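Each answer follows from the model by the rule given with it, or from the source it names; no laboratory read-out is quoted. In this analysis, Cβ positions are derived from the backbone assuming ideal geometry, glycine residues included, and neighbour counts consider all displayed protein chains.
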4 protein chains.
Amino acid sequence: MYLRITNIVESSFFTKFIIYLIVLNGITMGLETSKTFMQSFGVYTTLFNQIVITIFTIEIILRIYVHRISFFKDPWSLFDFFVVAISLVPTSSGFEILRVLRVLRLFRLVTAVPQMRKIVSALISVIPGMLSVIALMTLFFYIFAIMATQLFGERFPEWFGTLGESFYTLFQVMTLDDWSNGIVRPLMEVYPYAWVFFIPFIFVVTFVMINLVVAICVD
Amino acid sequence: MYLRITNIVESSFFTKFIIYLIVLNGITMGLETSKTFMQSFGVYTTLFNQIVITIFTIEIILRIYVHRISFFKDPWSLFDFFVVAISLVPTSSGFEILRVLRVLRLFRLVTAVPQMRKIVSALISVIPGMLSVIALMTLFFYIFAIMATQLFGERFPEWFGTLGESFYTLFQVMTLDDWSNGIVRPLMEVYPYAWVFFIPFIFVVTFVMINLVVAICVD
Amino acid sequence: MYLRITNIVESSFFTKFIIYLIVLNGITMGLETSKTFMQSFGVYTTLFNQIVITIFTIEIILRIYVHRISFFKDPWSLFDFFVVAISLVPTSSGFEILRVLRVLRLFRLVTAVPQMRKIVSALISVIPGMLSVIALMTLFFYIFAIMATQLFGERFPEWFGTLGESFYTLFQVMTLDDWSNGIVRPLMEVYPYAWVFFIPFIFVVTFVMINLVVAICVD
Amino acid sequence: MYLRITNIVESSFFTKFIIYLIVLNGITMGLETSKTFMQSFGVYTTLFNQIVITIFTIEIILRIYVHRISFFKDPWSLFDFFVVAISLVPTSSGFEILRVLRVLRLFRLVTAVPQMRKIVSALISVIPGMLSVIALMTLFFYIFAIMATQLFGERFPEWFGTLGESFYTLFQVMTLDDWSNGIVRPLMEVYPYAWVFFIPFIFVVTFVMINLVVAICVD
Ligand SMILES: [Ca+2]
Ligand SMILES: [Ca+2]
Ligand SMILES: [Ca+2]
Ligand SMILES: [Ca+2]
Ligand SMILES: [Ca+2]
């Protein structure tokens, strides 16, 4: 019976039947957004949802016999596994992000369809070459996040009052979002020299960021 | 009579006469902006407008005899047909954007002059090699846009209340426009963890965009 | 006497003397900023200024005899002419920008010291290959600017009320500066679909600019 | 005894021991942020802190016998010296940023661990090739900084009232942060033409910046 199902699993029909369901459950997840629609056909789509969820566990079950160990060394398969597992946690208890995390299954459209996998893989592959930079920056953030917390966090606890808070604010300065009128012009009303902290911070972080982009256009 | 007009249409005089009208109507459209001007010479330039619009239909009519099916497979020609047709719809009824969309005819200065044609084409050609990235993103946007609507849309209906609104807000976060003091700091007053949703969103979306820029700087 | 002064002008000492003055008059111009400083040495500097201005007219007079027509075909020299010329208009009558435009003479530090000339020329040389794009864009801005004046200028006359106003607002949207909370969210409170105008605008204009960056990074 | 210690200093165990303390003292500094933690184990940490600071001086002392002059010609060694030196100035007196500047020792993780040194060096090496442009720009900022102080500083002293202030505001316009609604639209309410100063400013500065990015993506 092994080869019987191994022929079902590897079938073009099977994979295309899956891709057909993702597009249906996705279209249907956009509809669950409408408070109007849920009042009409909510029950329609709640069942349809649970239906697809079963089909998806069946597939993942079927897919596992055919591949066994090979399956748990496949990124795309591991994913699919975890994205359905999430979709299995009972519509109750614990946290309700799990209810919301269910929409992550539409990323199976990324998994089930090549070229997407290609493009995704293409992107991801660029990350290891960046890890030296990324490491560098996080040390840098961490160092400044600490200084800022202990330099501005007393008078300005919304923005720098906590280590995590400083992280957030520093990220925001880095994205250059309302950084001057929003954060630093205020700070200087109390700490005239704060510009001495943030302009060097900005150069460095934008510089590094420019290099990183340049590194991705070398490789 | 065919070759007679085929020698009128293909003539340098004809083309340069058309180009002369575009720059003229275009100048006249900048003038129709002034409430002062319209109070003095508005009559002058409405008639001038109808005149050029005739001339352009006459031309487009002529151009079709000389090319027939060759014409409705020309991107640039199809355009002018459409753009002139818009300018034909009666200054009345339906909507008024049809009155406003008339100014689109000044894009004929792009159509009727090479180098422009070249430059535009150079740009457009870059698009197909982006469709794999672009597709990826729209899946991504759609996914998060749904998540956001069900996570933040009840308390924050102006921003995330409806799917389309989440799209709009997510776009804005992506252009990095006032994203922290404008949207996420507010969000955190109610949902402390909202940063867990938007910082990852930012990295991904900005990363992908960096890749796409690098992709265009390879090909 | 021609070769006597052709040996004075072309002298290393002559040039290095000029360069010495630029740095001095520049230093002295940063000091005329202080209302404090002007109250104690204001006169010291006003005369020092008039002095250097003569020395510069003398040089330009000298430089012209040694070069005649060769001079008025030199970008860098023409510059210093027009720049020194500005500084000759009397501290009175007309406009007072002319008084302010005097500090443009510090650009002579660029003109009279090589390597700067290199980099400046390096930069400038890139412009011709952008003229097709720069033209393309200005046509684009112009068409949208007209559309916006007639679509939003009645309710929103500060931002779109005049052809020039629309230009400015459009520029700002393009630099992506406070474009959504600042301009488009307001607009949508009256014109729900305004997003149909501004999102495509952003794509095109940002796209084009990505290409322009890619174009420069090829040539 | 020289070669005895030269074999101590050059030992892998030595370097690794140093790297251990950095990560430990660095972990300790993140905790020194917590107002809670300090009440609990603040003392525990301040002693451990001074301990590490002792150890680090010993190392730097040792490191010098083994390298002498070779050391004070090493960028990375000079740093470690200058950084440990900062941490040596007593917890009292003068400026208390010195207490804060202590956390700069976590940059020793950059110093003691290669790959980091590599990446830093990679970044730093790009700088010399930018000095012509950076010089160009600072002259540019300086000239505009002066014009602005004398053009807008009377009515708008917060933003332009002083040379340094103009510097700050101009930097902010350059980062394109809230530049239009935050600064120039205001300006224009009084000085209608301020746009003639700031749009050209923006073009130039953004142009130059794009060149510098491309310039790096070549070398
Ligand atoms: Ca920005
Ligand atoms: Ca704001
Ligand atoms: Ca901004
Ligand atoms: Ca803003
Ligand atoms: Ca505000």
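Remark: pairs (first residue in the stretch B:46-71, free of Cβ contacts under 8 Å to residues at least 24 places away in the same chain; second residue among the small types (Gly, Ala, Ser) and in a helix (DSSP H, G or I); Cβ separation under 9 Å; 6+ apart in sequence or on different chains) = B:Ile64/B:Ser77; B:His67/B:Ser77; B:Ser70/B:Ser77; B:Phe71/B:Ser77.
Within the stretch B:160-169, the only residue that satisfies the criterion of being among the hydrophobic types (A, V, I, L, M, F, W, C) and crowded, with 22+ Cβ neighbours inside 10 Å is B:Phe160.
Among the criteria (1) in contact with a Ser or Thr (Cβ under 9 Å, 6 or more places away or on another chain); (2) within 26 Å of D:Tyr142 (Cα to Cα); (3) not assigned by CATH to the domain that holds C:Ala194, the one C:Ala122 does not fulfil is (3).
With the structure loaded, tell me whether A:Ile183 is within 16 Å of ligand 3 (Cβ to nearest atom) and crowded, with 21+ Cβ neighbours inside 10 Å or whether it fails that test. Answer is yes for this residue.
Residues in the stretch C:153-171 that are in a helix (DSSP H, G or I), of a type in the set (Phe, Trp, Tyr) and more than 16 Å from ligand 4 (Cβ to nearest atom): 3 in all.
Contact annotation: residue pairs with Cβ atoms under 6 Å, 6 or more positions apart or on different chains, pairing a residue in the stretch D:171-184 that is under 20 Å from A:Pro200 (Cα atoms) and of a type in the set (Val, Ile, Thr) with a partner that is part of a helix (DSSP H, G or I) and more than 10 Å from ligand 2 (Cβ to nearest atom), are D:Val173/D:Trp179.
Within the stretch B:24-41, the only residue that satisfies the criterion of being small (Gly, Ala, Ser), surrounded by 11 or more Cβ atoms within 10 Å (Cβ to Cβ) and more than 13 Å from C:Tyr142 (Cβ to Cβ) is B:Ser34. Restricting attention to the stretch B:97-120, the residues being within 15 Å of the chain's Cα centre (by Cα) and not hydrophobic (A, V, I, L, M, F, W, C) number 4. Of the numbered criteria (1) more than 28 Å from A:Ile86 (Cα to Cα); (2) in contact (Cβ under 8 Å) with a residue 12 or more places away in the chain, the one A:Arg102 fails is (1).
Residues in the stretch A:172-184 that are closer than 16 Å to A:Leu151 by Cα and within 12 Å of ligand 2 (Cβ to nearest atom): A:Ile183 alone. D:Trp159 satisfies every condition listed in (1) farther than 24 Å from D:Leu212 by Cα; (2) hydrophobic (A, V, I, L, M, F, W, C); (3) at the interface with chain C (Cβ under 10 Å from one of its Cβ atoms); (4) free of Cβ contacts under 8 Å to residues at least 40 places away in the same chain except (3). If the condition is being more than 16 Å from ligand 3 (Cβ to nearest atom), facing another protein chain (nearest Cβ under 8 Å) and touching a residue at least 12 places away in the same chain (Cβ under 8 Å), then the stretch A:191-208 contributes only A:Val208. Within this structure, A:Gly161 passes the test of being of a type outside the set (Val, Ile, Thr), more than 16 Å from ligand 3 (Cβ to nearest atom), in the same structural domain as A:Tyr193 (by CATH) and more than 26 Å from the chain's Cα centre (by Cα).
Does D:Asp219 fit the bill of being assigned to a loop (DSSP other than H, G, I, E, B), within 16 Å of ligand 1 (Cβ to nearest atom) and either among the hydroxyl-bearing types (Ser, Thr, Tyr) or on the phi < 0 side of the Ramachandran plot (or both)?
Numbers: assigned to a loop (DSSP other than H, G, I, E, B): yes; within 16 Å of ligand 1 (Cβ to nearest atom): no; either among the hydroxyl-bearing types (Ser, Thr, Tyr) or on the phi < 0 side of the Ramachandran plot (or both): yes.
For D:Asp219, the condition - assigned to a loop (DSSP other than H, G, I, E, B), within 16 Å of ligand 1 (Cβ to nearest atom) and either among the hydroxyl-bearing types (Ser, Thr, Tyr) or on the phi < 0 side of the Ramachandran plot (or both) - is not met.
Could you check, for the stretch C:76-86, whether at least one of its residues is polar (S, T, N, Q) and more than 21 Å from the chain's Cα centre (by Cα)?
No, there is no match, as no residue in the stretch C:76-86 is polar (S, T, N, Q) and more than 21 Å from the chain's Cα centre (by Cα).
Close contacts from the stretch A:2-15, counting a first residue that is outside the structural domain of A:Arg68 (by CATH) and a second that is assigned to a helix (DSSP H, G or I) and surrounded by 14 or more Cβ atoms within 10 Å (Cβ to Cβ), with Cβ to Cβ under 7 Å and a gap of 6+ residues or different chains, come to none at all. A:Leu88 satisfies every condition listed in (1) more than 16 Å from ligand 4 (Cβ to nearest atom); (2) in the same structural domain as A:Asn211 (by CATH); (3) out of contact with any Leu (no Cβ under 7 Å at 6 or more places or on another chain) except (2).
Report, by residue number, each residue of the stretch B:172-190 that is more than 9 Å from chain A (Cβ to nearest Cβ) and away from ligand 4 (no atom under 16 Å from the Cβ).
As a first pass, look at the stretch B:172-190 and keep what is more than 9 Å from chain A (Cβ to nearest Cβ): B:172-175, B:183, B:186-187, B:189-190.
Matches in the stretch B:172-190: B:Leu187, B:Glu189, B:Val190.
One residue stands out among those in the stretch D:116-156 that are within 21 Å of A:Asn181 (Cβ to Cβ) and touching a residue at least 40 places away in the same chain (Cβ under 8 Å): the one that is nearest to the other protein chains (Cβ to nearest Cβ), which is D:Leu151.
Going through (1) part of a loop (DSSP other than H, G, I, E, B); (2) away from ligand 1 (no atom under 16 Å from the Cβ) one by one, B:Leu176 falls short only on (2). Of all the criteria given as (1) more than 23 Å from B:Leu104 (Cα to Cα); (2) within 21 Å of the chain's Cα centre (by Cα), the one not satisfied by C:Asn181 is (2). Of all the criteria given as (1) within 16 Å of ligand 2 (Cβ to nearest atom); (2) in contact with a helix residue (DSSP H, G or I) (Cβ under 6 Å, 6 or more places away or on another chain); (3) within 9 Å of chain C (Cβ to nearest Cβ), the one not satisfied by D:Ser166 is (1).
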